[PDB]
Structure formats: C-alpha cells, structure tokens
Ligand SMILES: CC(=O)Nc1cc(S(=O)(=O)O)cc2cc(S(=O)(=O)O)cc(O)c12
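Take a look at this single chain, the form solved without the named molecule, given in structure tokens.
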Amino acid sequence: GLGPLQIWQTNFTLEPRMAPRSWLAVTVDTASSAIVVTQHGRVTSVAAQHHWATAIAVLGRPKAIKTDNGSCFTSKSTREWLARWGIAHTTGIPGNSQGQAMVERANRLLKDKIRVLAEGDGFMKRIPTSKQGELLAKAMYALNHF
C-alpha cells in the first residue's frame, strides 16, 4: 500500500579486463537500484540461470525480470527455469528505455569502477585471473554500499 515493486532488469556486457571470463551478467533491481554482477566465460541460457540463482540468494526472489530478446533469455531452457521459480518474464530489445535503460547505466558505472580499481592496483590492461573475483566483489560493494 506504500512499499515498492520487485522488478529486475538483466543483461550481459563484455569486459576484457576480466578475460577469459569477460562476460559480466548484471542485474539492476529497479526499486532499490542494487546491482548484482557475476563473471561468465560465455553467454548461455545456463550462464543466465546461474547468474539469477546468485542474484536471488543476494536480493531475494523478484516478481518479474525484464530482459531483452537475446536467445539466452527466451530459450526453452530459461522459460522453464523461470517458471520453476514463479518469476514473471517480460522482454524487449537491447537498450529499450522501457526495461533496459537502467541496466545500460549500471553497465557503465560498473565498468568504470572496474577500471579505476584495477588501475589503482597497477593493472592497466587485463586483471590477473586470481585477482578478478575480489576486484569484482569490491566493485559491487562500492556501487551498492556507496
């Protein structure tokens, strides 16, 4: 009667400083504006499902997820993973202001944090594989508990 709606926007964005696992899956909760990000070697239905299993453990189960029409989000595999959870799914096309403007904003902020933090530690190009995880967790922490 006063409190907000549980709707996420999700997308994949490429980040070569994080190679070989340079596909970041990013979820913005459109209410809290909280971000969740995970590292993936490839963008697959299962990469998306793994990301959302993580986001759900961090943020709770949402009412719906807004994605674009990427095939990893509209595959039979994902439709069923989402129905198994009872999460409504709405689509659109890349960057669609509707349900993709906030996540594109988040991609930018995130890639920015990654650059600043990495360069701060001396890494001007790729981040050493063993350093990536903490650097990624440090970026999410900064963006969220800002």
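Quick note: we count residues from 1 along the sequence shown, nothing fancier.
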Worksheet, complete the sentence: Going by the entry, of stretches 26-34 and 112-120 the one with greater average Cα B-factor is 26-34
Worksheet item: On average, which has the higher Cα B-factor in the deposited entry, 3-11 or 137-145?
Response: 3-11
Worksheet item: Looking at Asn96, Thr78, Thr44, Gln39, which has the biggest Cα B factor in the entry?
Response: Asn96
Worksheet item: In this PDB entry, which of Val58, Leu82, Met102, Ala48 has the top CA B-factor?
Response: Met102
Worksheet, complete the sentence: Chain-relative C-alpha B factor for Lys125 (record values, thirds): the highest
Worksheet item: Which third, lowest, middle or highest, does the CA B-factor of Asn69 fall in along this chain?
Response: highest
Response to the item:
Here the Cα B-factor of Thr54, set against its chain, lands in the third termed lowest
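The protein also exists as the form solved in complex with the named molecule; that form is not presented, and the subsequent description refers to it.
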Discussion item. Exactly one residue in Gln49, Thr38, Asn107, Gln100 has a non-hydrogen atom within 4.5 Å of the named molecule in the deposited complex; which is it?
Written reply: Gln100
Item to complete: Tell me, yes or no, whether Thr30 is in contact with the named molecule in the deposited complex, where a contact means a heavy atom of each within 4.5 Å.
Response: yes
Practice prompt. Mark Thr10 yes when one of its heavy atoms lies within 4.5 Å of a heavy atom of the named molecule in the deposited complex, and no otherwise.
Written response: no
Response to the item:
Near the named molecule in the deposited complex, with a heavy atom at 4.5 Å or closer, the residues from 42-69 are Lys66
